[PDB]
Amino acid sequence: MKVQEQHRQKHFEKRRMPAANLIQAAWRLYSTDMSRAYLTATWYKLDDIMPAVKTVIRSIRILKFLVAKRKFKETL
Amino acid sequence: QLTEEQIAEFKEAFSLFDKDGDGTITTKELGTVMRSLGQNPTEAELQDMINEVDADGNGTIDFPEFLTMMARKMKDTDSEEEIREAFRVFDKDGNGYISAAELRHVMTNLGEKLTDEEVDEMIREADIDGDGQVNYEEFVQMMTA
Ligand SMILES: [Mg+2]
């Protein structure tokens, strides 16, 4: 009865950590193209001489988002 | 739908990983570049990243797989649905809204916790009116665009 309710509250709280990880990885991926972290003279110059560096950083965050999305789906 | 130079840019990034030029990215080359930037992934984390895009099964990323991954980013149907499902886990009313305070709370206390400056940049990217509520459905539309 009430144990069934506190069980699904415990099966649901197991999703809250992977759900936060997915949101965090999604936001960090999105912020790669707009964050003030990259709005410096250093990154503009770095992005001018070797734009591959920023693309590499984005590729890593995409791979991390994909891993985070799977682990969240594995808690369903 | 990718321009010829847009492909050349992704090829340049792929070549940074693929240092020896054999057309594949292993855990060695993926982790070497990550750690050159100051990151410290574990070997298991590198295997999980590669397995997300390795459609052959040999434990590598080739350029076609890399190109598709870079083109899709988060713009797919499955990403929009699962990110929305993640926000729902922190939606008490089931109304598609979450208070900016509760969003700040979960981001800085669960999982790979966001820094204070990170979550501040996230809250500024969403819009707040009235009771401090953010419409996270329009927030995931912004991220997956
Ligand atoms: Mg190689």
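Below, all heavy atoms of this structure are taken into account, side chains as well, without hydrogens, waters or symmetry copies. Indexing begins at 1, ligand by ligand and atom by atom, following the structure's order. In what follows, every chain begins at residue 1, and chains take the letters A, B, ... in the order their sequences are listed.
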With sequence neighbours excluded, give me every salt bridge (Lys or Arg N to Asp or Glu O under 4.0 Å) pair touching residues 20-36 of chain A.
A:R28-B:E118, A:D33-A:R58, A:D33-B:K73
Starting from the Mg ion (ligand 1), look over the N/O/S atoms of B:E29 and name the nearest one.
OE2
Can you name the N/O/S atom of B:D22 that is nearest the Mg ion (ligand 1)?
OD1
Using side-chain hydrogen bond (donor to acceptor under 3.5 Å, both in side chains) as the criterion, list what pairs up with A:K73, not counting sequence neighbours.
B:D78
What's the atom name of the N, O or S in B:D20 nearest to the Mg ion (ligand 1)?
OD1
Only N/O/S atoms count here: what is the atom of B:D18 closest to the Mg ion (ligand 1) called?
OD1
To the nearest 0.5 Å, tell me how far B:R84 CZ sits from B:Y136 OH.
9.0 Å
B:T60 N/O/S atom closer than 2.8 Å to the Mg ion (ligand 1):
no
Consider only side-chain N and O atoms of B:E12 and A:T55, and report whether a donor and an acceptor are under 3.5 Å apart.
no
Taking atom types as modelled and ignoring hydrogens, do the side chains of B:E137 and B:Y97 form a donor-acceptor contact shorter than 3.5 angstrom?
no
